[PDB]
Structures are given as C-alpha cells and as structure tokens.
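First comes the structure, then the notes that go with it.
FYI, side chains are in, hydrogens and waters are out, and symmetry mates aren't considered; it's all heavy atoms of this structure. Whatever order the structure lists them in is the order used to number ligands and atoms, beginning at 1. Naming convention: chains lettered A, B, ... in sequence-line order (proteins, then strands); numbering from 1 in each chain.
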Amino acid sequence: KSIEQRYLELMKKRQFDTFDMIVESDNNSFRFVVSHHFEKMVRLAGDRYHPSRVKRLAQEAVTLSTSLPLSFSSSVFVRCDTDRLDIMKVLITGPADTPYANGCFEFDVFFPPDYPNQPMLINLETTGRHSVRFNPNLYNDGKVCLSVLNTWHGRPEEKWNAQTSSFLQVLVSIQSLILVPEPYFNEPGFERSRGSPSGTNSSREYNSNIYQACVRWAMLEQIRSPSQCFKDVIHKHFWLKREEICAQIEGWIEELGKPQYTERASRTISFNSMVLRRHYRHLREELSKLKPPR
Amino acid sequence: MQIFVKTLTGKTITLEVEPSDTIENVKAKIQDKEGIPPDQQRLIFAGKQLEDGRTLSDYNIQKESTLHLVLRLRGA
Amino acid sequence: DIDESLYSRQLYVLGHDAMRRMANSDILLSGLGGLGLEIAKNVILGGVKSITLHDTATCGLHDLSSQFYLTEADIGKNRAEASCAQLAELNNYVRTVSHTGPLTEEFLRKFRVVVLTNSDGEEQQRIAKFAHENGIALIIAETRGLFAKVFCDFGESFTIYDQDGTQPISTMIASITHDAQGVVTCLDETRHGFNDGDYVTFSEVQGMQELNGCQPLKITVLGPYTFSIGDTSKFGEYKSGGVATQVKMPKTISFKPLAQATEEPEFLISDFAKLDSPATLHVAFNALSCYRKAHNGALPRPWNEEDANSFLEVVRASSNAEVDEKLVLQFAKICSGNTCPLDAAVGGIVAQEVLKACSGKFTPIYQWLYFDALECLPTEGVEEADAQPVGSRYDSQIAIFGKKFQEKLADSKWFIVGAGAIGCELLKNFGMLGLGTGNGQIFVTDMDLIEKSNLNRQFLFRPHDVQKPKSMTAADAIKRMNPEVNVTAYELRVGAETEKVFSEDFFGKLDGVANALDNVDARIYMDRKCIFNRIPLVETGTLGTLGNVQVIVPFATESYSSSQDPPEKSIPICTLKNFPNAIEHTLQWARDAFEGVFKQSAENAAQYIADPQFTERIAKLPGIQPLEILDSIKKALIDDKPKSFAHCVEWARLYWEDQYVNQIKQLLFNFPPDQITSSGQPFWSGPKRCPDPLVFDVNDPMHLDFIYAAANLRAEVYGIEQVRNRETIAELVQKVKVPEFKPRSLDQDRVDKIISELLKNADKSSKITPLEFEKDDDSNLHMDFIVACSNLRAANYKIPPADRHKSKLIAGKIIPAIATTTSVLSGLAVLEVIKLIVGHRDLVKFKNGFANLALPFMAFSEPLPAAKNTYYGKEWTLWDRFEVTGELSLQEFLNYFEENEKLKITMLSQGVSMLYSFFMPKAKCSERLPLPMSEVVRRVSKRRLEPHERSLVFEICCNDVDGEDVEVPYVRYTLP
Ligand SMILES: *P(=O)(O)OC[C@H]1O[C@@H](n2cnc3c(N)ncnc32)[C@H](O)[C@@H]1O
C-alpha cells in the first residue's frame, strides 16, 4: 500500500474517542489530570445545563463519530471526556502548501450550559506560551476570531445560528479559512494590497516567521511533549510523514535563501532562516529517535 | 393585504402578506425587517399566541390587523 | 441634586429631568382603601415632593382585605390618619401629611395632581370641572370586585418630552446621494432601526459638513438599510464618515374634561380578546352611582339575583346603547367585594400615571382604561349563601370568591423564590389573600442581604434593616401586616448545592412555585424542578417599565425552557482589543483591565502566602500550568511589589503610558493612519476609528483622576496605606521617569529555580489581597477607576465620553427597576396564582401577561399547549416519563428498555454526566455493565449520593427496531 493509503487507513480509527480528563478526588471533588484552558469556566458552570443541551450534544457526538474531515493533507481529531461531552480537545494538522503544513495545532473546547443558544468556547493551546501569533485570527493569548462564533448583530447568514451552526462547521471553518496558504492577507484592508510587490514582500516576511514558529511549536514541542490525549495520534502522524516533513522544511529553507529586493525584509528573512535551520536541526535529531508504532 | 406589527417597546412595522401565508413566512418577513430569529419571536393576536405550522386564515387576521411582538424579561 | 445612592435604579428609568420635576410636585390622594394605599405607597417610593392623604371614611373589618397598614385595633379611626404614620416611613425625602376636612376650592389649588378614589358622582364631577378649569391634573380610579376603572385628565395642553422611554439609536453612514431625494445608506448593510417618520441629526460628516449639528430632519424609511432625508443638493459632495442619531421630538396633546369625555370615551384596550368589554364596563361603572342613590347608598348584595336584576334594569334605563347583559349581571354580582392583587395592579398603573402627570415623561392613558379578571371566578359561579360575610378580615374577599375558596386558600402551600421587589410584593399579596393561614404555609428563600439601593422599590425593608437577610426580614414584616400568616424563611440559593433542604420531599407537599428571580439559571433550575415534581409555576420578570408573566401548568402548557430568549450580546475580540467605536467597548475594556490588574494578578500570590504547601500542590499540575502559576507568583511578589506609595504612583504612571501611548503607537505602526485599500476606501474608515496617542498632562483632570484611582487601588492591593490627597499625588507623579518606547515588527529546572527564588527572596509577611469589584460603594474608587480608564480609551479613539451615571449603568450591568411595574406584574402573577388555586385546567382561563407602562401597553395570551410527539404510536409531552423501580444493574437497565419499550439505548446520561454511550471505551463499558445504577452514577459524577435523594433522572437517546433515532420521554429511576 502507498504511504497515503496507510496513513488514511490508520488515522481513520482514531478520529473520535474519549479520554480520562477528570478523575475522582477527595471530599466529593474532581481534579483535571490534563491541562484544559476552560477548567475555571467548567468549575464555575457547575452542574448547570439547558435541557436542550443534552440532545444537541448527543446529535453532535453522533455527527462527529463519522463526519470528521480526514485527508492526507489535513485532518481533525476530537477527544472528549469519558463522562462529559461538553469538555473537548481538538487536534488539527496543517493543510499542505501552507506555512502550517504538517503541524499539529491543539485547541480546547468547552460547551457552555446555554449551548446551542450561545456559541461554544474554543481556545488555541499551541501558542508557544503566548510568544507566537500564528495567524491574524489567532491571537497569541489563544483567542480565536471567527464570525461564526459571534452572536453580535453582524448579519443573519454570518452569526452563530442555534439551528444551522454546528461543531463540525466551526472546525471546517477554522481548517479552511484560518490555515490559509497566505495568512498575511487574512487581516481586513490588507486583502486588497495583494498582487503588489510590497504586499508580496510582507506576505513573504509573515510566512518566514510562521515557518520557524510552526517548526518549533507545532512539530518539535509536540514530538517532545505530546498531549496525553493525542500522544498516539501525534506519534503515528509524525512517524508516517517524517520524510515528507523533512523535504518540506528543506524546501522552505531553500525558498528563504532566495535573494530579496528590500533590505528591511531581507534582514528579517535572514534571521528567520537562521532560526529555521536551528530548529530544523533539532527536529531532525528528534525524528530519528521516533520508534516505529506497532 | 397589509398588516402591522407592534413591538413591546412601541416600534411599528408594516408587512405585506396574503391571507394564506404561514406563520413561518410571517416570521421570516419580520426577520428581514428587524433581525430577530424566528424562534425568538412571540406574536400575539386577539389573546392568542401564533404558533408555527398555521396560516393567517385560522387566526382570522385580516387587512389592517395589528399583531404584537412580545418578549420575556430577566429582572426581578 | 437627586440622591443617587437611593434612587440609583429609578434614575435609569426616569431620568434627572423627570426626577427634578417630580421633586417639585404636590400630590393629593382622596380615599385610603386598598387601592388608595397602593397608589400612595408607589407614589411615595417614587419620590414626589409631598403627598397629602385625605379620607372621610372610617376603618372597618371589610377594609382589612387589602389595607395592610390597618389592624383590628384601628377600627373606628380615620383611614388616612391611621395609615399616615406608617406611610411616612417609606421615604424620608417625601413630606406626608393627613387631611380630614372638606375638599374646598382653595384647598385644591395647592396640588399639581389630584387623585380621586371612592368619591361619589357629584363630588367627582365638581372636582373634575374645577381641576380642568384651573389646570390641575386629575386621575379617577375605582375597583369593584374583579373590575377596574382609570380616568386621566391632564389639562388642555399637556407636553410629553419622551413619548416611549426608548434610548435614541445612532447609525454609521456609508454613502449619501447628492440629489433632490438624497438617500442615506448604512454601513456594510447594518439595519439602522429607525422608525418611519423619525427625526434624526447628523454629526462627524465630512464633505456634507453643513448637516453637522443641524436641526432634526424628518426621514422616510425606504428599506431596512436605507432612508431619505429630503433635498441634499444644496450642500457639498459627501466624502466619508457621518453618524445619524435619532432625536426624541416632544408632543403636545389635549385632554377632554370629564363631562365631555364621558359622552365620547376613548378606551385603552387591556385585553384584545375582550374588545367589547370596555363599552359595557363604562356604563356599568356609571350606573353604579345611580343604583347606590336608589338603594340608600348600598351596593348590590354579593351574588344576589334580585339585586343583579335591579342593577341591570338601572343600566338599561340609564343608557340607550346595547350592552352585554351577562357581563352587567356578573359585574353586579361581585361589585361589592374587594381583593388585594387587583388593587395592587391598579395602584401601580395609577401611580405611573401620577408620575407621568408630574414629570411629563411617557405617554399617559388616553383617556379611559377598563380591566377585569373574571377568569379567576369558578366556572359554575358562587352560591349566595357561600358568599355571606362571617365577621372575618376576608369578608370583602368572600364576597367575591366565597368561603370554600377561602378554606382552599388557608390550606395552600406555596414557594416563593427570591425576595426582591417582586418577591416582597408577592409575599404581601399572599399574606393579604390569607394564603397558608390555616394548615398551609408560605415558603420564601433568598441568599442576599439588604442594601440601601433596595429600599427604593422594596417597601418591606427599612433603613435600619440594612445588612439583614432579605427573606427573614420580609417574613417578619408581613407577619405584622397580617398576624395569621404562617411563613418559613430560608437564606439559601436554589440550585444543585441546596437540594438537601429543597429535596423531593419538600417539593412533594407544595402546591405551586412563584418565581421572583433576576437570572436565567435559577429560572431554568426551578422550571426543571417544577417539571419533575409536576407542580404549577408562575414566572415573572421586569425590565424598567417592561414586564411579563408566564404561567406553567402540569400536563397542560409548555415549560419555561420550551422557548428561547435572545442571547446576551457579546463584543468581537478584535473590536474590544484594537478597534472600539462605542463607549460600551471602552467600558468593557476598562472592566477587563480592572479585573486583570487588581484581581487576577494577585490571586496566586495570596494563595501562596496563605497556604504553606501551595508550592507542592502546584508542582503536580499537568502541562505548563505550574510554570504559569509560579511565574505569576514571582511577578506579583518580587518584581512588581511596591515598597512605598511612591512606587505605586510610579507603577500607575507607567501603566497609563503603556495603555494610552505605547500600545496605540504600536497599533498605528502596524496600520498607518493614511493606509488606503486598493479599491479606494481607507483602512481607518467606517467602524474603525484612527487612534492618536495621548500626551500626559498633570493639569488635565482625567489623567490625574486615573493616576489617583490606580495608585490608591494598587496600594490597597498590597496593603500600603492609601494617600487620598490629590495635590500630593500630582506632586509625586511629576517626578516619575518614563522610559523611551519604540515600536517593533528544562521545565523542571525552571520550576525548581522559581521555587527557590520564592523561598529565598519572597517574604510571607506581605498582605497581598485581590480586590472584588463593588459598584455601589463610592469610597472604594472602583467606579472612579473604571470611568477614568473608559474615558481615556475613548479619548484615544475620539469616542464621546460617558459620565459616571452611564458608566455605572453599563459596566455594572445594572438592571433598571421601578416600583410601579413591580406592583403591576405582582398583581398579575397573584391573579394567575388565584386561577391555579381555584382549579382551572383549560388554557382559555389562564393568561400570559405582557406590559409596558411607558406606552401605556398591556396585552395577554393563552399559554401554548405542550408539544406532542409520538414513538410507536404513543403520544408524549415534556410532562410524561418512564417509571423504572428498584435497583438494577446497567445491563439490566438496558435490557428492561430493549424488552419492554422495544428501544435500543445508544446514549444514557444523568444531567451533565454520561453513564453509557455507543462510542465509549470497551473496557469501561465492560466495567460499568454489572454495577448497580446508583454505583455507576456515583462513579461517573465523582460525588456521593446523599441520603435525601430518593430518585434519579436519566435522559436516553434511543433507536427503534428499524434502527432510526426516536425521541422518548425522560426516565425516573426510583432508588430502593
Ligand atoms: P431583584 O434583583 O430585586 O430580585 C431578585 C432577588 O432574587 C434573589 N436571587 C437571585 N438568584 C437566586 C437564587 N438562585 N436563589 C435564591 N435567590 C436568588 C436575589 O438575591 C434578589 O434578592
């Protein structure tokens, strides 16, 4: 079988599953054994829930057990608490031909008690301890900016709709509109500057920054210290695609080595290329240590 | 036919409907003109609350009839 | 000025101009029965300059049915004199006096508004003519059994300054056409919301600068996104920008005198299903006086057929118009009675009309309002012998409902959740009704304590009752009004944590629940409890002049959760972060800054100081959490710890610079001010305002205010003594050196190092204390800091600043409230409670109520029946459930359904937990199958089962024999 066929056959079984995120503690309390961003909100909510939330979450789980996107380019993996559907973690691999390609990005999802009336809360965890802004819509504090997650006035076809909107729609929206090939033009106003040499240089600078950011945090830290929920998935994904990842990073380094027209962008590109080589050496060191999965 | 919808805050809305439209259609026209989703709208007429799946003929809503768009409040 | 600390909630409804006008108005109230007492109470709580209570009747046993300020010892005394002493304690800013002399012409000239109750026809006509001739607002109110009448005559020329009570709406302008019918188009297709025929004004318009600050212009709404303002060809070409703001145009109307208005009445409709009722009620109320004149001043006897026939004959003789004879007979049969909730509602309406007359705000009743509550009566009526008086304080109520209904009331048990304004009014109405005075009981619960701002609309509390529990104080207060009332009070918040007291046994002996809460979570919880225990629930909610009542009947109507309310409006992350365009965004940003700076930055440090073993506890946390806590503790305790107030001032100055200069400079570096997109529109256009960094000036009051508040709060956090001297802080802040800023384009080892640093350098003698945001205290400087921060951020983006009043309204999430609305909606709720206690089950009798006292508007609807669904041909609603008894294993539980109900359970849940599912791990599924359901619930929910829990509720998602999903009722699992 081709490597793509093996990847598709192996990652299909682990798309949706449950993990022990919460365990019993003393004096009728519970503690988190995994790092969840919305633990404080979970504790504040307590046992409050709207009656429709149970049915909505059951339907969402039924949809997610079979309809999660999966391809050799990008895939989505969802883990939920074994006893609570409203606490979830999402792993999205970067699509091909983008600065995020083959990078594992982890999100924390909490469904509020008012769901599906209020939109769910999603926060990006792969931020490099808030030192990296991966996208104009992905602030370094973890907040995700999407129109579908807004109940504010907006426009009826763009707001969060209690009938039409769903978790799968939000995941696909992130996967296809945030991890775009040219994230620089995601900012409004900058979109119409594309096609000009200055816009091209700015996009190249942004992509050069994102290259090293992704290589360090989305790949190296995920291999070194994977999340307990996605350990097996991350190991399999990085073992099956080590050669492709190495070739892609070498291509990135070669692209960054091309001459630049402006010195201001040239200095930043050279610095980012140096950092990218420094991180790629470590990544090559780590990839060789990956024992093959059974 | 033309009907009027009064909001609990006193704003008046004019709709162009037909005696056979359904309540879903009326709510959709209201959604165009105001912006509330149809499931958040409470229409009162002649002591009756309009429910989805019925037409204006059952409620005997005729020309120049006035509907009331009410809502619930969370104070106390 | 107006004492905001007392009138805080009422100011957001009325306004400063209205409150100033009411503070100069003298009120005369004639008649001190139940209705008059309610009117006086609401008016006094409103805060008029003075009120004079006039009455000629003496207190009797029949007055105790609704007068809560009269006792049996007051029988024989003048009602006004007896109630004046107790009424004066409601508000010390209002001068309350009592008058017993005749209502001479010279005496009437001293009052702005005159309210007439229980006055006869001749006196009514004379006083109305005199008041209309001499420019005195007149209101006439009456209550006869279950009927009401309100008349308003505010003079020949009455000016209304705010017709509807809604805030003006402003919209951003995208383009204005330059022609004879210029059309204004809104921004990026956002609905303006302007009504047709509105008046608007323009500001911040570039190119068409002539429209800036112009007089209001009548508009024509051409669509949901565009409107026309007339000819715009005389002005310059429109460039960009512009904000159109709605302007409230005053209206002047003329009121007919009483004599003319009687012949040509204009009716305000109270129920749109009774359009013919007001015409008949007008004649009935008019002919009541003739009947009294013809029968020695005696009203028709309760439920007497002969007197009803005589009254019908009198009505026929007095008028030639056709009337509802059945309605006339029903009116005659119960016109001699009197009940409390109707009096409360009519008093709340009449008091709002008095406030309208005083202040000129909101639209008055034009001109007659007639209300009835005939659905509270039994369908078969009341026998005459049952309605005879028995020498009790409920005689006027027995004259309406009979003695058997009084016995039913005495044995009723009802639960009131929340003891706020609505809760206090419900308690008063239940006490005066006689509910629970026999073998029944009245339960009231509330977790809050009494604050000063609560005294404005909660009449059961006194200034010396501050810091006492609400529920206990309210119960003690209503015990004095009616000694026979049995009340049990709790200081508990209803929820999952208090089910030990509010167990299934507690709800098992209840007859109903009345909701008086201020949040949706408690409403949802109480709705779920009422569904599970199958008891009726009455839900009430208010917002300013708006109110609503919903009645939920088991097996009859839909529940509270069956419908959805609009979600709470949030703010987009980018709008709050980088591009604010309204004062709400800046206020939310200031609130978040306050929280993050004065609370979140010190919680970990305080916990570390208090708990010696905090480090070892946080060393076991997963992920990067130990580092994220240890570095915050280090930053709070070593790096940013101020050793003196001078360091606090320096930190405040640096924080000001970072927030209003450095970050704005960085944002402008990222996006240049003159950036223009390819198609032509600049980046800093439309909803985005180009900011400009501020320049610090110690002479500027705003900058010094921010420095003062921030430094004092920072000193309070670390325990340093505050320096509340503006001159000293101004002197100190001028010596601070601001560093230059330029825009820009092993974990275990770190944990051990930080722990060692905390053990060595950090001192446990510190007194770090996070601050809790309190808005109602003016000496804690929280609101001062919020106002300064929000106004400075607004000055950054050229957003118009907001004063302390609006900032407190928005940032504090204050819900405006007034007493008149509360009284109306509690009266309506108690009427629904009476209907429930009677035994009505048809949805025709029950009425969901909606009101807006500003319009004035009232409307009703039948509650919607519960939705019906079918599985295997069996109909079920939200009230039906499965009954599974005994103790069963999980496998036995699944097999029970699979064998009896022919349903395959694919997902079994208990609340937020998940006991079983199709995608659960095989090992856990095998483990949980042989265990009893109680043990499975204990394991999954991670908490013990309390002994008071006698049953559990399960929600199941099932598949039929054909493999398709079907909706099924929930399961009630009875523990052995
Ligand atoms: P308004 O805010 O004047 O009246 C509301 C009162 O209800 C009390 N309250 C709110 N939420 C609860 C719960 N869950 N349980 C008991 N009491 C509640 C508030 O404290 C106000 O007194």
Side-chain angles (χ1 to χ4, degrees), chain A residues 44-50 113, chain B residues 72-76, chain C residues 6-13 45 348 414-428 442-461 465-475 477-478 488-502 506-507 513-530 537-549 560 774-776 809 812-826 829:
Chain A
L44 279 179
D47 291 331
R48 296 186 274 114
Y49 64 95
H50 201 273
Chain B
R72 300 189 305 197
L73 305 155
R74 58 237 309 121
Chain C
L6 174 59
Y7 299 112
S8 173
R9 310 307 193 250
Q10 194 183 140
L11 271 158
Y12 299 126
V13 181
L45 285 173
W414 272 74
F415 183 34
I416 299 166
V417 201
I422 303 270
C424 282
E425 289 275 350
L426 286 172
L427 256 178
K428 177 254 291 165
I442 300 174
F443 302 95
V444 54
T445 194
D446 202 334
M447 78 269 193
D448 261 8
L449 307 178
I450 298 166
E451 300 182 323
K452 189 187 175 183
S453 57
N454 298 340
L455 314 179
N456 178 236
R457 62 183 186 284
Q458 297 156 18
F459 76 114
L460 286 180
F461 305 142
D465 288 323
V466 177
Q467 290 314 99
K468 292 184 189 173
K470 277 189 183 167
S471 48
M472 327 277 319
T473 302
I478 78 148
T488 301
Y490 302 100
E491 308 176 46
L492 310 179
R493 162 205 310 264
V494 294
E497 295 92 356
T498 52
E499 295 194 347
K500 215 272 209 304
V501 178
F502 306 131
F506 172 82
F507 282 105
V513 174
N515 262 353
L517 308 143
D518 64 350
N519 54 96
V520 198
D521 320 271
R523 290 184 168 95
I524 287 168
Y525 176 83
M526 278 309 332
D527 182 50
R528 194 189 307 125
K529 280 314 179 192
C530 288
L537 162 73
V538 188
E539 217 293 289
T540 320
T542 56
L543 173 66
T545 58
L546 308 160
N548 89 289
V549 162
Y560 178 84
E774 176 59 81
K775 61 183 179 291
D776 291 324
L809 165 67
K813 321 259 85 171
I814 286 172
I815 298 176
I818 204 164
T820 56
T821 311
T822 295
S823 308
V824 177
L825 280 295
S826 306

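Of the possible polar contacts, one joining the C:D527 side chain to the C:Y560 backbone as a donor-acceptor pair under 3.5 Å is found. A donor-acceptor pair under 3.5 Å is formed between the side chain of C:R523 and the backbone N or O of C:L517.
The aromatic rings of C:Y490 and C:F443 sit parallel, their planes meeting at an angle under 30°, below the 60° perpendicular limit.
The protein non-hydrogen atom at the shortest distance from atom 12 (C) of ligand 1 is C:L517 CD2, 3.5 Å. Annotation: atom 22 (O) of ligand 1 to nearest protein heavy atom, C:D446 OD2, 2.7 Å. Among protein heavy atoms, the minimum distance from atom 15 (N) of ligand 1 is reached at C:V494 N, 3.0 Å. Of all protein heavy atoms, the one closest to atom 11 (N) of ligand 1 is C:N519 ND2, 2.9 Å.
Of all atoms in ligand 1, listed by their number and element, those nearer than 4.0 Å to a heavy atom of C:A522 are 14 (N). Listed by number with element, the atoms of ligand 1 under 4.0 angstrom from any heavy atom of C:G418 are 7 (O). Near C:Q458, the atoms of ligand 1 lying under 4.0 angstrom from a non-hydrogen atom of the residue are 3 (O). Taking every non-hydrogen atom of C:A516 and a distance limit under 4.0 Å, the qualifying atoms of ligand 1 come out as 4 (O), 5 (C), 6 (C), 7 (O). Each of the following atoms of ligand 1 lies closer than 4.0 Å to a heavy atom of C:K470: 21 (C), 22 (O).
Residues C:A522 and C:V494 approach most closely at CB-CG2, 4.4 Å, considering heavy atoms.
On a distance-only criterion, C:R493 and ligand 1 share no N/O pair closer than 3.5 Å. In terms of N/O distances under 3.5 Å, ligand 1 is not approached by C:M447. In terms of polar-atom proximity, defined here as any N/O pair under 3.5 Å, C:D518 does make such a contact with ligand 1.
Heavy atoms of B:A76 approach ligand 1 to within less than 4.0 angstrom. Every heavy atom of B:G75 sits 4.0 Å or more from the atoms of ligand 1.
Separation of atoms CZ (C:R457) and CD (C:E425) is listed at 11.5 Å; rounding is to 0.5 Å. For the atom pair C:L455 CG and C:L460 CG, the distance stands at 11.0 Å (nearest 0.5 Å). Taken to the nearest 0.5 Å, the CE atom of C:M472 stands 9.5 Å off from the OG1 atom of C:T488.
Under a 4.0 Å N-O distance rule, the pair C:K468/C:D446 does not qualify as a salt bridge.
Between C:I422 and the choices C:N515, C:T540, C:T821, the side chain to side chain contact (heavy atoms under 4.5 Å, CB included) rule is met once, by C:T540.
Neither the backbone nor the side chain of C:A817 has a heavy atom within less than 4.0 Å of ligand 1.
For the pair C:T445 and C:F415, the minimum side-chain heavy-atom distance is below 4.5 Å.
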